[PDB]
Amino acid sequence: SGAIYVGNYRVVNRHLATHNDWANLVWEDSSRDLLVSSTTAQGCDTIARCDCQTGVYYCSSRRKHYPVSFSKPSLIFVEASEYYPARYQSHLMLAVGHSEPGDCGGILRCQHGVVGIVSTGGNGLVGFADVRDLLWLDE
Ligand SMILES: CSc1ccccc1CC(=O)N1CCC[C@H](O)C1
Ligand SMILES: [Zn+2]
(Lines give C-alpha, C1' and ligand atoms only; values in the text may rest on other atoms or scores of the structure.)
(Ligands and ions follow the chains in the order given, each with its own letter.)
Protein backbone atom coordinates (compact mmCIF):
# COMPACT_ATOMS: atom_id res chain seq x y z
CA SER A 1 0.00 0.00 0.00
CA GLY A 2 1.02 3.68 -0.28
CA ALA A 3 0.28 6.98 -1.98
CA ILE A 4 1.85 10.21 -3.21
CA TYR A 5 0.37 13.35 -1.54
CA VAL A 6 1.10 16.41 -3.73
CA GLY A 7 -0.95 19.61 -3.46
CA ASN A 8 -4.62 18.60 -3.06
CA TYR A 9 -4.09 15.28 -4.87
CA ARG A 10 -3.63 11.67 -3.68
CA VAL A 11 -1.95 9.35 -6.26
CA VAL A 12 -2.52 5.62 -5.74
CA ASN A 13 -2.33 2.36 -7.65
CA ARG A 14 -5.68 2.14 -9.49
CA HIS A 15 -6.03 -1.50 -8.34
CA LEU A 16 -5.77 -0.37 -4.64
CA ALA A 17 -8.13 2.67 -4.87
CA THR A 18 -10.78 2.91 -2.13
CA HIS A 19 -14.47 3.90 -2.44
CA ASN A 20 -13.54 7.36 -1.15
CA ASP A 21 -10.96 7.64 -3.97
CA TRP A 22 -13.59 6.71 -6.60
CA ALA A 23 -16.11 9.13 -5.04
CA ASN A 24 -13.54 12.04 -5.19
CA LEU A 25 -11.98 11.06 -8.53
CA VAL A 26 -9.77 13.44 -10.56
CA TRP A 27 -8.26 11.04 -13.17
CA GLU A 28 -7.67 7.33 -13.71
CA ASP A 29 -5.92 5.19 -16.31
CA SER A 30 -6.11 1.41 -16.21
CA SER A 31 -3.27 1.03 -18.78
CA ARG A 32 -0.92 2.82 -16.33
CA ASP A 33 -2.35 1.37 -13.07
CA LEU A 34 -2.85 4.94 -11.74
CA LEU A 35 -5.72 6.80 -10.07
CA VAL A 36 -5.74 10.31 -8.60
CA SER A 37 -8.31 11.59 -6.10
CA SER A 38 -8.80 14.98 -4.43
CA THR A 39 -7.86 15.70 -0.78
CA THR A 40 -9.03 18.23 1.79
CA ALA A 41 -5.53 18.67 3.30
CA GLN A 42 -2.39 19.74 1.32
CA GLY A 43 0.39 17.18 0.88
CA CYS A 44 4.18 17.49 1.21
CA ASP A 45 5.52 15.38 -1.64
CA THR A 46 7.00 17.14 -4.68
CA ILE A 47 7.10 15.54 -8.15
CA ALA A 48 10.42 15.11 -10.00
CA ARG A 49 10.57 16.74 -13.46
CA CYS A 50 13.64 15.02 -14.99
CA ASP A 51 14.99 12.00 -16.91
CA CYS A 52 16.86 10.30 -13.94
CA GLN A 53 17.40 6.58 -14.26
CA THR A 54 18.80 6.11 -10.73
CA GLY A 55 16.91 6.60 -7.48
CA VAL A 56 15.68 4.93 -4.28
CA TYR A 57 12.44 3.03 -3.62
CA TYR A 58 10.61 1.91 -0.47
CA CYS A 59 10.04 -1.85 -0.07
CA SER A 60 7.42 -2.54 2.66
CA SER A 61 8.17 -6.30 2.65
CA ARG A 62 11.72 -5.50 3.85
CA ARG A 63 11.05 -2.19 5.75
CA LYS A 64 13.90 -0.77 3.69
CA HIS A 65 14.73 1.81 1.04
CA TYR A 66 16.93 0.44 -1.78
CA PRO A 67 18.97 2.32 -4.38
CA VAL A 68 18.14 1.18 -7.94
CA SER A 69 18.86 1.77 -11.62
CA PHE A 70 15.60 1.73 -13.62
CA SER A 71 14.57 1.74 -17.28
CA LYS A 72 12.90 4.66 -19.08
CA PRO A 73 9.04 4.62 -19.02
CA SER A 74 7.90 2.11 -21.64
CA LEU A 75 5.16 -0.30 -22.74
CA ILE A 76 6.01 -3.60 -20.89
CA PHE A 77 4.18 -6.95 -20.89
CA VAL A 78 3.06 -7.85 -17.35
CA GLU A 79 1.85 -11.34 -16.31
CA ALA A 80 -1.67 -11.99 -14.99
CA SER A 81 -2.35 -11.19 -11.37
CA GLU A 82 -5.50 -11.07 -9.16
CA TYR A 83 -6.00 -7.41 -10.39
CA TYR A 84 -5.28 -7.47 -14.11
CA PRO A 85 -5.06 -10.09 -16.90
CA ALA A 86 -1.67 -10.55 -18.67
CA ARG A 87 -1.31 -7.38 -20.74
CA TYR A 88 0.85 -4.46 -21.81
CA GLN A 89 1.17 -1.73 -19.10
CA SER A 90 2.23 1.73 -20.29
CA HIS A 91 4.62 4.27 -18.69
CA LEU A 92 6.22 1.46 -16.65
CA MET A 93 9.90 1.39 -15.53
CA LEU A 94 11.70 -1.80 -14.44
CA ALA A 95 14.53 -2.34 -11.96
CA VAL A 96 16.20 -5.28 -10.22
CA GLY A 97 14.90 -5.33 -6.66
CA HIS A 98 12.82 -7.21 -4.22
CA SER A 99 9.12 -6.87 -4.40
CA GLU A 100 5.74 -8.65 -3.30
CA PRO A 101 2.09 -7.70 -4.17
CA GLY A 102 1.56 -5.62 -1.05
CA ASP A 103 4.69 -3.52 -1.89
CA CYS A 104 2.55 -1.63 -4.48
CA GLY A 105 2.36 2.03 -3.55
CA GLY A 106 5.93 2.39 -2.29
CA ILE A 107 7.57 5.57 -3.60
CA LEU A 108 10.47 5.69 -6.05
CA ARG A 109 12.36 9.04 -5.76
CA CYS A 110 15.44 10.73 -7.21
CA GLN A 111 17.40 13.83 -6.37
CA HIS A 112 14.52 15.99 -7.86
CA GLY A 113 11.55 14.45 -6.00
CA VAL A 114 8.99 11.62 -6.45
CA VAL A 115 9.37 9.70 -9.70
CA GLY A 116 6.61 7.05 -9.36
CA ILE A 117 5.14 4.21 -7.27
CA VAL A 118 5.65 0.44 -7.17
CA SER A 119 3.09 -1.22 -9.48
CA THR A 120 4.40 -4.68 -10.58
CA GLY A 121 7.07 -7.25 -9.69
CA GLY A 122 8.33 -10.81 -9.42
CA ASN A 123 11.60 -12.86 -9.45
CA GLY A 124 13.97 -10.12 -8.36
CA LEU A 125 12.28 -7.41 -10.54
CA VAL A 126 10.23 -4.39 -9.40
CA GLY A 127 8.19 -2.18 -11.77
CA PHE A 128 7.22 1.45 -11.13
CA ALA A 129 4.38 3.51 -12.62
CA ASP A 130 5.97 6.82 -13.71
CA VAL A 131 4.26 10.12 -12.76
CA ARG A 132 6.86 12.62 -14.08
CA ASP A 133 4.85 13.39 -17.25
CA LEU A 134 1.68 14.36 -15.23
CA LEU A 135 2.44 18.07 -15.15
CA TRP A 136 -1.00 18.98 -13.89
CA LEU A 137 -0.21 17.41 -10.47
CA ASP A 138 1.78 20.68 -9.79
CA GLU A 139 -1.21 23.04 -10.17
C1 LIG B 1 4.96 -5.53 -6.36
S2 LIG B 1 3.91 -6.50 -7.41
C3 LIG B 1 4.54 -8.14 -7.30
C4 LIG B 1 5.81 -8.44 -6.80
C5 LIG B 1 6.27 -9.75 -6.82
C6 LIG B 1 5.49 -10.75 -7.35
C7 LIG B 1 4.23 -10.46 -7.84
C8 LIG B 1 3.73 -9.16 -7.80
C9 LIG B 1 2.28 -8.94 -8.19
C10 LIG B 1 2.17 -8.13 -9.47
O11 LIG B 1 3.10 -7.97 -10.24
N12 LIG B 1 0.96 -7.60 -9.69
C13 LIG B 1 0.08 -7.06 -8.63
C14 LIG B 1 -1.22 -6.46 -9.18
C15 LIG B 1 -1.02 -5.58 -10.41
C16 LIG B 1 0.18 -5.94 -11.27
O17 LIG B 1 -0.11 -5.72 -12.65
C18 LIG B 1 0.57 -7.38 -11.08
ZN1 LIG C 1 15.56 13.24 -11.09
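Numbers and lists here come from the model and the stated rules, or from a named source; these are not laboratory values. Because the Cβ atoms are built from the backbone with ideal geometry, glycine has one as well, and the counts that use them run over all protein chains shown.
When region 13-68 is examined, which residues are found to be assigned to a loop (DSSP other than H, G, I, E, B), within 16 Å of ligand 1 (Cβ to nearest atom) and in the same structural domain as residue 80 (by CATH)?
Scanning region 13-68 gives 60, 61, 62, 63.
Would you please list the contacts, defined by Cβ atoms under 7 Å and residues six or more apart or on different chains, that run from a residue in region 73-86 that is within 16 Å of ligand 2 (Cβ to nearest atom) to a residue that is of a type in the set (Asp, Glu)?
73/130
Of all residues in region 41-72, how many are within 16 Å of ligand 2 (Cβ to nearest atom) and out of contact with any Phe, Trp or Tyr (no Cβ under 9 Å at 6 or more places or on another chain)?
Of the residues in that region, 9 qualify.
Is region 116-134 home to any residue that is within 16 Å of ligand 1 (Cβ to nearest atom), outside any strand (DSSP E or B) and surrounded by 13 or more Cβ atoms within 10 Å (Cβ to Cβ)?
Looking for residues that are within 16 Å of ligand 1 (Cβ to nearest atom), outside any strand (DSSP E or B) and surrounded by 13 or more Cβ atoms within 10 Å (Cβ to Cβ), one finds none in region 116-134, hence no.
Please find, within region 39-67, the residue that is nearest to residue 2 (Cα to Cα) out of those that are small (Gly, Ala, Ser) and surrounded by 14 or more Cβ atoms within 10 Å (Cβ to Cβ).
Taking the candidates together, the pick is 60.
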